[PDB]
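Below: one structure, written as structure tokens.
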Amino acid sequence: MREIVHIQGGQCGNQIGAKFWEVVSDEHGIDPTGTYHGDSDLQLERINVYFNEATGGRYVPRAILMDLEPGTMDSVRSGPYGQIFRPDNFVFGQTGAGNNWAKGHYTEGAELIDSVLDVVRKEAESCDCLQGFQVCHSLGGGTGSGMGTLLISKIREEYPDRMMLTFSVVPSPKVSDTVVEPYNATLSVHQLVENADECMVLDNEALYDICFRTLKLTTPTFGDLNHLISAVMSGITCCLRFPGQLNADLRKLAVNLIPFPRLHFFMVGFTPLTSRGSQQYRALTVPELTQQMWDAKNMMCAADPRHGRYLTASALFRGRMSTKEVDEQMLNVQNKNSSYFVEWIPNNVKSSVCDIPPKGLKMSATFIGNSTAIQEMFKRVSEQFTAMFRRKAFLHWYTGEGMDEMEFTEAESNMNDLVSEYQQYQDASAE
Amino acid sequence: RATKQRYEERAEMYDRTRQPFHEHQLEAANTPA
Amino acid sequence: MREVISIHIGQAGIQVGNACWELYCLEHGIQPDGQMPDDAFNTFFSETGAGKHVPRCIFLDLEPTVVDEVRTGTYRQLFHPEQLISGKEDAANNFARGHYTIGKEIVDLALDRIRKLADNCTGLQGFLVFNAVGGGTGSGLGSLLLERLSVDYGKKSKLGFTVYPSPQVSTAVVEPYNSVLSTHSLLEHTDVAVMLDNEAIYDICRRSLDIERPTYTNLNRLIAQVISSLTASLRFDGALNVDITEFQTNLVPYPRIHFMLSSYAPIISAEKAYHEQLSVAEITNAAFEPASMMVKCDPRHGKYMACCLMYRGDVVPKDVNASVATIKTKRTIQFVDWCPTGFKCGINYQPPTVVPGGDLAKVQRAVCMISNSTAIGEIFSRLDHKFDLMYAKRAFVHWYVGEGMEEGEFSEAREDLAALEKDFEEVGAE
Amino acid sequence: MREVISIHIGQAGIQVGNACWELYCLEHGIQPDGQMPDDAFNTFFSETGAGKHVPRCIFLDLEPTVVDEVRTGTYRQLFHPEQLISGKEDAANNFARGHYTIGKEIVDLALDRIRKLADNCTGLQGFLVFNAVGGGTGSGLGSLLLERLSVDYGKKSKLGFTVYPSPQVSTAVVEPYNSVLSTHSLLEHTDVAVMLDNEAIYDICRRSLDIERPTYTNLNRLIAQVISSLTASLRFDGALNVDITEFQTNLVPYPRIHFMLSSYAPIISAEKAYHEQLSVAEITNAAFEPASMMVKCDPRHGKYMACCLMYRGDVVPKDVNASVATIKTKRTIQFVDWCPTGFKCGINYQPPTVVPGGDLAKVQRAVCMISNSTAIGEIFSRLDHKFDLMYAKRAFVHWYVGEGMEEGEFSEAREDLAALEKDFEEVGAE
Amino acid sequence: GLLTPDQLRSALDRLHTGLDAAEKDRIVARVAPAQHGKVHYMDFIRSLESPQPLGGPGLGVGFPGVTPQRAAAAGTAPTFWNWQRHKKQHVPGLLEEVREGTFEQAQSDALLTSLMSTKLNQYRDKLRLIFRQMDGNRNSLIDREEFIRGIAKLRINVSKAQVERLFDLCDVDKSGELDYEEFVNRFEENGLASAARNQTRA
Amino acid sequence: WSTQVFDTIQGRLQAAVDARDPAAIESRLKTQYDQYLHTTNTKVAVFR
Ligand SMILES: Nc1nc2c(ncn2[C@@H]2O[C@H](COP(=O)(O)OP(=O)(O)OP(=O)(O)O)[C@@H](O)[C@H]2O)c(=O)[nH]1
Ligand SMILES: Nc1nc2c(ncn2[C@@H]2O[C@H](COP(=O)(O)OP(=O)(O)OP(=O)(O)O)[C@@H](O)[C@H]2O)c(=O)[nH]1
Ligand SMILES: Nc1nc2c(ncn2[C@@H]2O[C@H](COP(=O)(O)OP(=O)(O)O)[C@@H](O)[C@H]2O)c(=O)[nH]1
């Protein structure tokens, strides 16, 4: 009865949202036609968190699909679970943003943002109680980044107290997809710092590394990456949807994770990710899950936690497990890696336990780390942004959309100040 | 739907056959090779 | 919704258009009669109530022979008879003739039909202008049409797939003259100018296709494959969809710098097919090889500013990332200091269709690499001295003067080309 | 995982490679078309997208006839078309021609393809260079390729299966010349050089196979069986697994002394098969018989330094131990005082496969004895005066000088071979 | 390990589960005997080890380790591989079926001969190389099967009837095998192919 | 160990291998190999 409004933005955001909604429909026993077919009352316990009931048994997602081009959500509708979504929640423009944050935020986003907010308000008013909004999108793309940040700002203005959760696909370090990725990421991070209460950083190259090393897949499409992302997005809110021995909502995670308002960027990891070959060979135990959680390779963010220091870290476990085992395992992890944990916080771990594991898994766990390692991710993006901005490469595309040059400088200054926050609390000593 | 499924199924079959079949063994692609 | 209007000006324009529309008909299943036995054709064809599909194309020429060849070839019932526009007198390789005296009424009627075609399009990604820089019809009339389109339509993306004179081999004498004039014209109007050279495509056909006697049909087939790979994301869905508007945003750093080198890979005949791996990394390396470039311009001389990759077929993003990372780590490929990313990758799930009776083989993977690089200043440097060597003696100048030009036009074209040279030098330099 | 790159240089190299690759295809079940109806082929074959297995071999030659025989023969669909590399002009039995003037571009292309092949291998045990010491292509080009491989690849173990001139019978006149030159070249570049003599193989065919008319195909079949028995432990499991890298560690007492006699047993036709016991002890004794050695060199003259035995088939460690104990106790076989063990026994559970149409019989046991012995300096003594007798008159020296050699190079090669003679005497000494 | 259901109830009582009689009966009935109380302790422990609420498998993506990216509804079947929306199209002007004395058939023959002559003659002696590649056998005479196989090696989609028409048109001298002379005569650059291509009204 | 054993044995190996003239070595090996060649050519078979 604590409703969450899901928003998908851009091509990447829409694909991730489709994967996530298909995963959630599987987990709640919802067929692609919307009817419940689970044969388990636990599935319908808290289905209102994500779905609304139709005239019959049909359940419609509380999802809002965004784009400036219709092709991506045409593919979304053609997908296996494209018919669950209410057709009124598909908001499209006609000319897509040419990977232009300016086009997606000022020129072409302005017309569509009125409809987007109308749909968001219509979905939010139907909620009995609103936990908040979760927005899945990708930094480094025009419509995704620009429209998502604009909508996040508008929703922050309308509903200040409600939670804002973001799943941003930050551009990957080593391989860049589009040229203007540093521009879009730099402009979007500035908005997310001010508006988004909670943010999860995902990198496609990190996802490739984890799916090739842990899952040991050799030709992973974007479907696999969206699958891992969807697993994380499900596991973060499984405590709202199922009874837990020690339950913890999104606001509780935000309170226990965010020491200071600007330091709300997190790296996430999901366990247990097991290769098909070693599925039988692996032992499902709480120590094994914790060991896989705290591995740097398990992180879906490019930055590795070893370079930084863990400011905070939440662990949402799922399964019928010993709270003694869980607490002892993460206390032992803290004691062993105290060099990687911040000193001026006596306990850097927020343990949450849900009694209902994901389908097929005896036990599972999602890990959400607020660490100063993300500083190097921002530093790299700024290294690219400065190199392009010094010579104003591709700057005319943003300038002709009615954005001042000073906006880029302000965004970079804000992002560098955030880097300074992370470094200062990394090297900050108690007393 | 047909095009996306064809792409994904081709990728899955190439995965199965690999387990172009030496590209997963390239030094740059993966350090263990 | 994603309609693109095709313009083919001059003999080269119409001849590459024949191959392009053959390729599109083969790709979308449209028979030569016009109709097919959804809505992926909307970018290139408009369906009527009868089910017949007519291309959104315009064949413009001042010579009747080339257009009548289309009217008499296999593709008679496909094209619109009025869309085929023919002049009465050829421009005779005179930019003045094609831009000042003969081209006026023909281009006015061209604007009329272009307006009628654009009124049939809900959306309009832009125009694809295929002309011949180096001939009066292509250069002069094409320049006039581009100017009128810029005046009236405004911000619509005009992508000009121009064919420039080759460095030493050529077929005309006043080719430097009308090339320089049309270059001055299209420096300020077209949005992205994709550069093409007959010598380069001949070398491609000789080395990759083993054709020691290449012909214009082969060249046009290669160009059509390149354009189809370029436009594939408009018609077929794929991971990392790339748009006509995304080309310029990910490829044009500065408005003056919009000329683009094109390279297709693989280019393998039937006999040589299925004998090498043809993996993503190998085809990316082949696309970045200087020999596979479709402009006689060694990229090693300059530095890449941006590289947009169109992958077609079974390409997985991890493989494209690995290949592009290898390219980045390669020392031979050099990028400008101010573009650390410099890459725009886009995948499409539709493998390139093979023209029956062509030399290209059926490949499950394909790469179209379109790059903005400062090396392209070399070809303009070649034309700038080929022009001035003639213009010192004012050879053939009276021919251009007779049809309504002045020496000032030649001087201004040469000065603007020098300015473009200096702009390329400046963007290349730190 | 255990890949080995095979190189075949010259007519003799390519012709023994035909037999070797026929043998490997028959052993692994690979049809000549390329594909077969676990992963035991990885040492020699890499599987492609269609499932076709391509050998990791490179057929290098300056003469087109020998390579075109493969391009036309039954193994046209197996080997890679670019793996078959053909020159334009033969080396004409001139080491200078094959190493200095013609061989340059060909060996550059060879290194290009070798790099492509090596980039297809996770691991790389080493190189198997099959050439003919005694011809320009075999000697000069092979020496150049070995030099380049040593320069760039580095630590890869290069095993050269060199075919040296027979003592009295021969088919070339400058054969001592280019043999001495190639011996000087590979004394420092190969890691393990295996000696083969056509006269000795002819004697083996005449006596053991009862072939009164042996030919090159027969010789190459025996050589291919020897090499397959050598590599059998890489591809098939068995007791006492033997490795390419440990050939050295168990066989090369000093780096200079790395020339090795080879002897196969049993060598019996079908009619003489199943007529004797062919036990392990008997076949080991046969392998240590002077007649079974594939080099015209009496082992009784010198003293064995090391003997590596490769058994194939139903062989038990007791049988190999008892046979080697009997051999050690035998008075005729004499080992050096400084190597009390001097034996490296290795068994494989895969019996030697028989090529249909050949003369070798289906034997459940086989031994390949490769011995480092100081007796081999005796054939070097033969070549050392066959060289200097002509070198006194400088016969055929102008032919070698014309393509960029010097009298100093002949002198240095002959002096190096004299130093090798001194080395053999010293290592035989106590 | 074969334990009766009553033995399982006694085991639960000994293990102090605290359940009532009915609850213990239901927990025992969770497993079903094979023949006569043939459920074994490992099976019972597997039944109670992972309770697995939510019902397990369903029509969706599921957990990353267990199930692939694709939907269970859009899965469990490999359909849509090698899916071609549009079938391969022949070269325009080429007749699939042979017609006697028709301008369409004449144009098809001219176009096909021109296509072959353009595919060949691309470099010097390429006609000779293709001729040598036509025949697997050692004789220069080209058989009908050799001709069809060579045309198939060329990336040309032409029916067997039209290939046989080409074979007969290339003068067999009524012998049924193509000689190099006639091969060259009909597959020369221009010549008969160009003349037939141009002579439409004939 | 070096000076007492290895240096002594290598010094005694030298001035003996060095003392042996290369021409004498060639002639000795030639007489041996020609004897083996002659017995191979005359006799039907050679046995150890
Ligand atoms: N790539 C390519 N270029 C061509 C082809 N046909 C002609 N060209 C080029 O086009 C140039 C001349 O084209 P046009 O100006 O259209 O010739 P036209 O139609 O007679 O018009 P004018 O020559 O101006 O009178 C020549 O220099 C050729 O290089 C072709 O099929 N492919
Ligand atoms: N055992 C064996 N030796 C061979 C065979 N073929 C050739 N040889 C030897 O190889 C030597 C010459 O080989 P090559 O140098 O490669 O002859 P080529 O290919 O014409 O190259 P060049 O003579 O160097 O110009 C001859 O002396 C032969 O004794 C063979 O099939 N088996
Ligand atoms: N994980 C994932 N990432 C994607 C997908 N599609 C695109 N991306 C990434 O998202 C980034 C931005 O693209 P995007 O925002 O979708 O473009 P836009 O829709 O025009 O704004 C690109 O760098 C892609 O690498 C997808 O399906 N899954």
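In the structure tokens, chains take letters A, B, ... by order of appearance, with residues numbered from 1 within each chain and ligands from 1 in the order shown.
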Would you pick out the contacts of residue D:340 at 12 Å or less, using only C-alpha atoms, so that residues sharing its chain but fewer than 3 positions from it are not included, and give the list as number ranges by chain? D: 304-307, 328, 334-337, 343
Go ahead and save the picked residues with C-alpha atoms, as a PDB file, in the first residue's frame.
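What ended up in result.pdb:
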ATOM      1  CA  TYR D 304      74.052 -41.604 -27.267  1.00  0.00           C
ATOM      2  CA  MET D 305      73.434 -38.542 -25.115  1.00  0.00           C
ATOM      3  CA  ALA D 306      69.651 -38.738 -24.710  1.00  0.00           C
ATOM      4  CA  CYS D 307      66.865 -40.917 -26.107  1.00  0.00           C
ATOM      5  CA  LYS D 328      70.955 -50.037 -21.148  1.00  0.00           C
ATOM      6  CA  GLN D 334      76.854 -46.933 -25.657  1.00  0.00           C
ATOM      7  CA  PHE D 335      75.783 -43.872 -23.679  1.00  0.00           C
ATOM      8  CA  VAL D 336      77.909 -41.032 -22.388  1.00  0.00           C
ATOM      9  CA  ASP D 337      79.315 -41.176 -18.869  1.00  0.00           C
ATOM     10  CA  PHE D 343      66.076 -41.761 -21.315  1.00  0.00           C
TER      11      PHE D 343
END
Taking 4 positions as the minimum chain separation for residues in the same chain, which residues sit within 6 Å of residue D:258 when counting only C-alpha atoms? Answer as an NGL selection string. :D and (192-193 or 252)
Collect all residues with atoms no farther than 7 Å from ligand 1, counting only C-alpha atoms and all ligand atoms, and output them as a PyMOL selection string. chain C and resi 9-13+15-16+61-63+90-94+98+131-139+163+165+170-172+175+197-198+216-217+219-220
Kindly provide, as a list in words, the residues of chain F having any atom no farther than 10 Å from an atom of chain D, counting only C-alpha atoms. residues 9, 10, 12, 13, 14, 16, 17, 18, 20, 21, 22, 23, 25, 26, 27, 28, 29, 30, 32, 33, 34, 36, 37, 40, 44, 45, 46, 47 and 48 of chain F
Ligand 3 neighbours within 7 Å using only C-alpha atoms and all ligand atoms, as a JSON list (two decimals) with C-alpha atoms, in the first residue's frame:
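Final output, saved to out_18.json:
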[["chain", "number", "residue", "atom", "x", "y", "z"],
["A", 10, "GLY", "CA", 14.61, 7.13, -23.77],
["A", 11, "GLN", "CA", 15.48, 3.99, -25.69],
["A", 12, "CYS", "CA", 17.69, 2.48, -22.98],
["A", 13, "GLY", "CA", 15.28, 3.47, -20.22],
["A", 15, "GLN", "CA", 14.14, -1.29, -22.76],
["A", 16, "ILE", "CA", 15.23, -1.55, -19.12],
["A", 96, "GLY", "CA", 13.55, 12.26, -31.53],
["A", 97, "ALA", "CA", 16.35, 14.07, -29.75],
["A", 98, "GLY", "CA", 19.50, 13.58, -31.78],
["A", 99, "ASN", "CA", 21.47, 12.49, -28.71],
["A", 137, "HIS", "CA", 17.08, 6.06, -18.01],
["A", 138, "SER", "CA", 20.55, 6.45, -19.50],
["A", 139, "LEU", "CA", 23.01, 9.29, -19.14],
["A", 140, "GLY", "CA", 24.65, 10.10, -22.45],
["A", 141, "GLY", "CA", 21.55, 10.16, -24.62],
["A", 142, "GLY", "CA", 19.40, 13.02, -25.76],
["A", 143, "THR", "CA", 15.78, 12.17, -25.01],
["A", 144, "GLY", "CA", 16.60, 9.82, -22.14],
["A", 145, "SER", "CA", 18.89, 12.12, -20.16],
["A", 169, "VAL", "CA", 23.06, 4.10, -17.13],
["A", 171, "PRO", "CA", 28.37, 6.12, -20.05],
["A", 176, "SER", "CA", 31.97, 5.27, -25.44],
["A", 177, "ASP", "CA", 28.82, 4.69, -27.47],
["A", 178, "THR", "CA", 28.01, 8.24, -28.61],
["A", 204, "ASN", "CA", 27.33, -1.15, -19.69],
["A", 222, "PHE", "CA", 21.39, -5.90, -24.29],
["A", 223, "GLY", "CA", 18.66, -8.23, -23.04],
["A", 225, "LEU", "CA", 22.22, -6.43, -19.27],
["A", 226, "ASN", "CA", 18.61, -5.32, -18.88],
["C", 239, "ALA", "CA", 19.99, -1.93, -30.57],
["C", 240, "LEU", "CA", 21.62, 1.50, -30.56]]
Please extract the residues of stretch 38-119 of chain D with a backbone DSSP assignment of strand (DSSP E) and present them as a list in words. residues 45, 46, 47, 53, 54, 55, 57, 58, 59, 60, 61, 84, 85 and 86 of chain D
Write a file of the selected residues as a compact mmCIF listing (two decimals), in the first residue's frame, keeping N, CA and C atoms.
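Now in selection.txt:
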# COMPACT_ATOMS: atom_id res chain seq x y z
N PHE D 45 43.95 -27.94 -35.43
CA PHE D 45 42.82 -27.42 -36.18
C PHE D 45 42.02 -26.45 -35.33
N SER D 46 41.53 -25.39 -35.97
CA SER D 46 40.64 -24.43 -35.34
C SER D 46 39.30 -24.46 -36.07
N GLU D 47 38.22 -24.59 -35.31
CA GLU D 47 36.89 -24.77 -35.88
C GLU D 47 36.20 -23.43 -36.08
N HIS D 53 36.73 -27.33 -39.82
CA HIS D 53 38.03 -27.29 -39.16
C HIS D 53 39.10 -26.90 -40.17
N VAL D 54 39.84 -25.85 -39.87
CA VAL D 54 40.93 -25.37 -40.72
C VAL D 54 42.24 -25.64 -39.99
N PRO D 55 43.25 -26.18 -40.67
CA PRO D 55 44.53 -26.45 -40.00
C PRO D 55 45.32 -25.18 -39.76
N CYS D 57 48.28 -24.23 -40.28
CA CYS D 57 49.45 -24.50 -41.09
C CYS D 57 49.61 -23.40 -42.13
N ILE D 58 50.83 -23.27 -42.62
CA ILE D 58 51.15 -22.28 -43.64
C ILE D 58 52.06 -22.91 -44.69
N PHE D 59 51.56 -23.00 -45.92
CA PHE D 59 52.28 -23.58 -47.04
C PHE D 59 52.98 -22.46 -47.79
N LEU D 60 54.28 -22.33 -47.60
CA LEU D 60 55.06 -21.25 -48.18
C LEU D 60 55.95 -21.81 -49.28
N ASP D 61 55.96 -21.15 -50.43
CA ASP D 61 56.83 -21.56 -51.52
C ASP D 61 56.98 -20.41 -52.51
N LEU D 84 47.74 -20.89 -48.21
CA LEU D 84 48.60 -21.27 -49.33
C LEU D 84 49.20 -20.02 -49.95
N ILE D 85 50.50 -19.82 -49.76
CA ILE D 85 51.22 -18.66 -50.28
C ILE D 85 52.16 -19.14 -51.38
N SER D 86 52.08 -18.50 -52.54
CA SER D 86 52.85 -18.89 -53.71
C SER D 86 53.69 -17.71 -54.17
Contacts from chain D to chain B, 9 Å maximum, only C-alpha atoms: show me the residue list as a PyMOL selection string. chain D and resi 46-49+51+119-123
Same residues, N, CA, C and O atoms, saved as an mmCIF file, in the first residue's frame:
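This is the output file out_24.cif:
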data_model
loop_
_atom_site.group_PDB
_atom_site.id
_atom_site.type_symbol
_atom_site.label_atom_id
_atom_site.label_comp_id
_atom_site.auth_asym_id
_atom_site.auth_seq_id
_atom_site.Cartn_x
_atom_site.Cartn_y
_atom_site.Cartn_z
ATOM 1 N N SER D 46 41.531 -25.389 -35.969
ATOM 2 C CA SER D 46 40.636 -24.428 -35.341
ATOM 3 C C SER D 46 39.298 -24.464 -36.066
ATOM 4 O O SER D 46 39.256 -24.384 -37.299
ATOM 5 N N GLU D 47 38.215 -24.586 -35.307
ATOM 6 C CA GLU D 47 36.891 -24.769 -35.882
ATOM 7 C C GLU D 47 36.200 -23.426 -36.080
ATOM 8 O O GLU D 47 36.243 -22.556 -35.207
ATOM 9 N N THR D 48 35.564 -23.266 -37.235
ATOM 10 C CA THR D 48 34.962 -22.005 -37.640
ATOM 11 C C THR D 48 33.447 -22.036 -37.474
ATOM 12 O O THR D 48 32.866 -22.984 -36.940
ATOM 13 N N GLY D 49 32.809 -20.968 -37.963
ATOM 14 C CA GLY D 49 31.385 -20.784 -37.733
ATOM 15 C C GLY D 49 30.535 -21.909 -38.292
ATOM 16 O O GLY D 49 29.576 -22.350 -37.655
ATOM 17 N N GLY D 51 31.376 -24.880 -38.494
ATOM 18 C CA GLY D 51 31.862 -26.130 -37.956
ATOM 19 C C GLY D 51 33.050 -26.692 -38.700
ATOM 20 O O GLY D 51 33.612 -27.707 -38.272
ATOM 21 N N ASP D 119 47.360 -15.236 -33.496
ATOM 22 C CA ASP D 119 46.317 -14.503 -32.792
ATOM 23 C C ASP D 119 45.046 -15.325 -32.639
ATOM 24 O O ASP D 119 44.153 -14.930 -31.885
ATOM 25 N N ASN D 120 44.950 -16.454 -33.334
ATOM 26 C CA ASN D 120 43.826 -17.368 -33.207
ATOM 27 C C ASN D 120 44.052 -18.440 -32.150
ATOM 28 O O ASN D 120 43.190 -19.307 -31.974
ATOM 29 N N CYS D 121 45.182 -18.406 -31.451
ATOM 30 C CA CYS D 121 45.553 -19.432 -30.487
ATOM 31 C C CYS D 121 45.608 -18.834 -29.090
ATOM 32 O O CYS D 121 46.279 -17.820 -28.873
ATOM 33 N N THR D 122 44.898 -19.456 -28.148
ATOM 34 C CA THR D 122 45.017 -19.058 -26.748
ATOM 35 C C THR D 122 46.438 -19.285 -26.250
ATOM 36 O O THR D 122 47.140 -18.342 -25.869
ATOM 37 N N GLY D 123 46.876 -20.542 -26.245
ATOM 38 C CA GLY D 123 48.263 -20.871 -26.020
ATOM 39 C C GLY D 123 48.954 -21.220 -27.328
ATOM 40 O O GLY D 123 48.335 -21.346 -28.378
#
What are the residues of chain A lining chain B at 6 Å or less? Count only C-alpha atoms, and put the answer as a ChimeraX atom specification. /A:78-79,218-219
Leaving out stretch 25-32 of chain C and any residue of its chain fewer than 2 positions from it, which residues lie within 7 Å of it when counting only C-alpha atoms, given as a PDB file with N, CA and C atoms, in the first residue's frame?
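Result went into result_16.pdb, see below:
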ATOM      1  N   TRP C  21      17.708   2.191 -55.787  1.00  0.00           N
ATOM      2  CA  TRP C  21      16.311   1.798 -55.748  1.00  0.00           C
ATOM      3  C   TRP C  21      16.131   0.322 -56.058  1.00  0.00           C
ATOM      4  N   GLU C  22      17.008  -0.262 -56.878  1.00  0.00           N
ATOM      5  CA  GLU C  22      17.031  -1.716 -56.993  1.00  0.00           C
ATOM      6  C   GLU C  22      17.290  -2.359 -55.639  1.00  0.00           C
ATOM      7  N   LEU C  23      18.265  -1.829 -54.898  1.00  0.00           N
ATOM      8  CA  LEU C  23      18.595  -2.375 -53.589  1.00  0.00           C
ATOM      9  C   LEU C  23      17.440  -2.217 -52.613  1.00  0.00           C
ATOM     10  N   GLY C  34       6.008  -2.500 -58.860  1.00  0.00           N
ATOM     11  CA  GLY C  34       5.620  -1.466 -57.925  1.00  0.00           C
ATOM     12  C   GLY C  34       5.081  -1.991 -56.611  1.00  0.00           C
ATOM     13  N   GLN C  35       4.366  -3.110 -56.645  1.00  0.00           N
ATOM     14  CA  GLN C  35       3.717  -3.647 -55.461  1.00  0.00           C
ATOM     15  C   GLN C  35       4.397  -4.933 -55.011  1.00  0.00           C
ATOM     16  N   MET C  36       4.241  -5.237 -53.724  1.00  0.00           N
ATOM     17  CA  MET C  36       4.845  -6.365 -53.043  1.00  0.00           C
ATOM     18  C   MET C  36       3.799  -7.433 -52.759  1.00  0.00           C
ATOM     19  N   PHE C  41       8.752   0.280 -45.464  1.00  0.00           N
ATOM     20  CA  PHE C  41       8.963   0.961 -46.731  1.00  0.00           C
ATOM     21  C   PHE C  41       8.662   2.449 -46.662  1.00  0.00           C
ATOM     22  N   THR C  74      13.983  -1.863 -66.528  1.00  0.00           N
ATOM     23  CA  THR C  74      13.067  -2.716 -65.780  1.00  0.00           C
ATOM     24  C   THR C  74      12.157  -1.903 -64.873  1.00  0.00           C
ATOM     25  N   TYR C  75      12.675  -0.833 -64.282  1.00  0.00           N
ATOM     26  CA  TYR C  75      11.908  -0.005 -63.353  1.00  0.00           C
ATOM     27  C   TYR C  75      11.149   1.103 -64.074  1.00  0.00           C
ATOM     28  N   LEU C  78       7.512   1.328 -61.576  1.00  0.00           N
ATOM     29  CA  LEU C  78       7.793   1.677 -60.189  1.00  0.00           C
ATOM     30  C   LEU C  78       7.773   3.187 -59.977  1.00  0.00           C
ATOM     31  N   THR C 353      20.941  -6.981 -47.457  1.00  0.00           N
ATOM     32  CA  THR C 353      20.453  -7.816 -48.542  1.00  0.00           C
ATOM     33  C   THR C 353      21.420  -7.778 -49.719  1.00  0.00           C
TER      34      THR C 353
ATOM     35  N   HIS E  86      11.165 -11.389 -46.481  1.00  0.00           N
ATOM     36  CA  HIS E  86      11.020 -11.377 -47.928  1.00  0.00           C
ATOM     37  C   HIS E  86      11.894 -12.466 -48.527  1.00  0.00           C
ATOM     38  N   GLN E  89      14.823 -12.844 -54.301  1.00  0.00           N
ATOM     39  CA  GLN E  89      14.261 -12.436 -55.580  1.00  0.00           C
ATOM     40  C   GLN E  89      15.268 -12.697 -56.688  1.00  0.00           C
TER      41      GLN E  89
END
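Selected on chain C by distance to chain E: residues 29, 211, 212, 213, 270, 356 and 357 of chain C (within 6 Å, counting only C-alpha atoms).
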With 12 Å as the limit and counting only C-alpha atoms, what residues in chain E lie close to chain A? Please list them as a ChimeraX atom specification. /E:46,48-75
Figure out the distance between atom CA of residue C:128 and atom CA of residue C:159, please, to one decimal in Å. 5.0 Å
Contacts of residue D:226 at 10 Å or less, counting only C-alpha atoms, minus same-chain residues fewer than 2 places along, as a list in words? residues 20, 220, 221, 222, 223, 224, 228, 229, 230, 231, 232, 262, 263, 264, 265, 310, 352, 366, 367, 368, 369 and 370 of chain D
At most 8 Å to chain B: residues in chain E, only C-alpha atoms, as a list in words: residues 78, 80, 81, 82 and 83 of chain E
Expressed in Å to a single decimal, how great is the separation between atom CA of residue D:348 and atom CA of residue D:241? 7.2 Å
Residue list for chain C near chain A as a PyMOL selection string, 9 Å, only C-alpha atoms: chain C and resi 1-2+123-125+237+239-255+306-308+316-319+321-322+324-325+328+337-346
